[PDB]
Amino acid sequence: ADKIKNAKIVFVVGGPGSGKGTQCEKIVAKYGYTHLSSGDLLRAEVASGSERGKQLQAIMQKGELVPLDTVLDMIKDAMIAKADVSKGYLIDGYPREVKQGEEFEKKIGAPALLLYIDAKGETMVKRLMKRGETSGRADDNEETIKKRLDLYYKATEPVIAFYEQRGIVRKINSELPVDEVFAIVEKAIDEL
């Protein structure tokens, strides 16, 4: 526990399809951070066949936010499972609300960096549609896209302004080619 609490922790925040997972995989290979995706954890619980998984599946297929306690407990347990060995943690897709950040800080520890993966709204819509047309997830349909984006703009963008009060946000232009985005992310990571 005091081990995870004192670890470097990076929050990765950005709209659906903005390129969070993409950039996080490149961080892992280059710097050796531990990548925890809130969405991957939740989808793994869905695939387990549990009753909790059936309810998560419903929530996610509607594009809605899973309750804080559910996602936070999964993230904590996944941090613990990898605590022995981390150079640091990339928490991808959490927090999605201010209260999510605040509870993570109370239970786990503070973020040193918030990578704000910043894509245009229409770029996200097009990206999520392109994925949807070629083997996307079940939530990559048009109607669910609308709800995922709405919640990002209303609930999640406030997270940026929140952690901007402590100067830890770095804005990453995720409209550039993947490798050019990564060069900006490297600049941010090297500050740690």
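Position 1 is the first residue in the sequence shown; the rest follow in order.
Comparing the deposited coordinates for 159 to 167 and 126 to 134, the stretch with the larger average C-alpha B-factor is 126 to 134.
If you average the C-alpha B-factors over 108 to 116 and over 75 to 83, the higher value belongs to 75 to 83.
Residue 53: CA B factor lies in the middle third for its chain, per the PDB record. For residue 22, the recorded CA temperature factor ranks within the middle third of the chain's modelled residues. Looking at the C-alpha B-factors along this chain, the one for residue 13 belongs to the lowest third.
In the deposited entry, the Cα temperature factor of residue 95 places it in the lowest third of its chain's modelled residues.
Sorting the modelled residues of the chain by their CA temperature factor places residue 101 in the lowest third.
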